[PDB]
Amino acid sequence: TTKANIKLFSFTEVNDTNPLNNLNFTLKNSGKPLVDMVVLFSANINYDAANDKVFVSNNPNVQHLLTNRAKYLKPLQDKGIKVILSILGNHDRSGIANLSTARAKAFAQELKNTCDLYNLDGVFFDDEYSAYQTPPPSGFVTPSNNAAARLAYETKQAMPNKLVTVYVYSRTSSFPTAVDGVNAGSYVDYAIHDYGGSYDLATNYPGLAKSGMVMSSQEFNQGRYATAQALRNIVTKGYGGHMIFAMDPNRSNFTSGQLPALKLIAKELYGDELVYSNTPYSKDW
């Protein structure tokens, strides 16, 4: 009748897959889409040495989708699916976890600009691949969860109506110290576990409610799947979401690995049945 209030996050590797594939899965009884949020993986954080500015760097694949958002993103949004832009390190001195307070304020502004320009629903922070320097260059600090917390906090302040989501990994795995006297629960909307993670996040992000905790993420390319027991645990403990990374009906493992997992999610999380459309969406770029 109605879809359970457990959000399914689907991370689409834009270098490989068309995000419209997220439309191909429906819940038989409720008639609703299986996927609640699509994360475009991923844009990058980069440093412009000339203007000493940190900026959102989009590779040709991300750019393609943003540029053509009426084609690739609007159809998701029209169905009520939220579209989130991931931000990842990109081999230079800048990253998610080493901005000074001033730089964090400036980057949060950049994020806000990007989200406004392309009508994005929020961001996902993943602190990986930056080439952090020692000692820290000018306007950068030693990488730390506290510096990451500052960025997440400034991002929320810049766009209070949009989603701020973080990875339970590296320096965004915990924000135990208030920022300007505000707790994590006040600026983080969702914290997403690394593959198979299932522990409670309340102490990692003080103030974060169970509804903001995304558990036992699956990796559909590598074939790292959740058990039925792990999914039932989400329902019985009252957690708010689940995540799947790199779903792609065009990959050779779809029938043998992906589909059975998607059917298990429909059953265990939503107590319903999966309907797969069988609509081709290829990387047409």
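We number the residues from 1 along the sequence you see.
Between the stretches 204-212 and 177-185, it is 177-185 that shows the larger average CA temperature factor. Of the two stretches examined, 125-133 and 164-172, the record assigns the greater average C-alpha temperature factor to 125-133. When the C-alpha B-factors of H91, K79, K156, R150 are ranked from the entry, the top spot goes to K79.
Set against one another, the Cα B-factors of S252, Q218, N44, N68 in the record reach their highest point at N68.
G139 sits in the highest third of its chain by CA B factor, as recorded in the PDB entry. For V38, the recorded CA temperature factor ranks within the lowest third of the chain's modelled residues. For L117, the recorded CA temperature factor ranks within the highest third of the chain's modelled residues. Among the modelled residues of the chain, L274 sits in the highest third by CA temperature factor in this PDB entry. Among the modelled residues of its chain, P60 has a C-alpha B-factor that falls in the highest third, as given in the PDB entry.
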